[PDB]
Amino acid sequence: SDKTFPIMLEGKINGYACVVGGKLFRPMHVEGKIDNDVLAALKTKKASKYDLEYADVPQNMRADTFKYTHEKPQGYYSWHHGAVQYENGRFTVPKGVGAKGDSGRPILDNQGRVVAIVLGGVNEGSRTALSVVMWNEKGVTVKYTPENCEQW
């Protein structure tokens, strides 16, 4: 794929950035440089209310980026660490899964479409509650953060 690029800080992967619908996304709270020259060169617009920074990607990339959708029917989804579950407008992964450095990774439905970008999470029993950003019907950004959520 390679539509997700690790953000380097000091000397490690402090997070991830990704390209969706011709837009570059990056978690605001995640400091560091993207491991890609073009992307790391783009001036971003800060959206602190959603803990996101974004920028238009050059035309010679637009079509070759993640596709997105507001369609979030309850059920199962996927992401780098395995399966994700969506129920009651909340995304969750198995307990113990998800941690620092995972901010930025997207969540995908069967069709490989990005339905959300992860910002953080927190342990709730035998499940990990996720803080994410999504998109509604009108195409507006919506953010949902679980109680006592930790930033990854």
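The first residue of the shown sequence is 1; numbering continues from there.
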Q: Using the B-factors recorded in the PDB entry, average over the C-alpha atoms of 6-14 and of 127-135, then report which stretch comes out higher.
A: 6-14
(Q) So, looking at the entry's B-factor column for Cα atoms, which has the higher mean, 43-51 or 91-99? (A) 91-99
Q: Ordered by C-alpha B-factor within the chain, which third holds residue 63? Give me lowest, middle or highest, please.
A: highest
Q) Looking at the C-alpha B-factor of residue 32, is it in the lowest, middle or highest third of its chain? A) highest
Q. If you rank the chain by CA B-factor, which third does residue 1 end up in: lowest, middle or highest?
A. highest
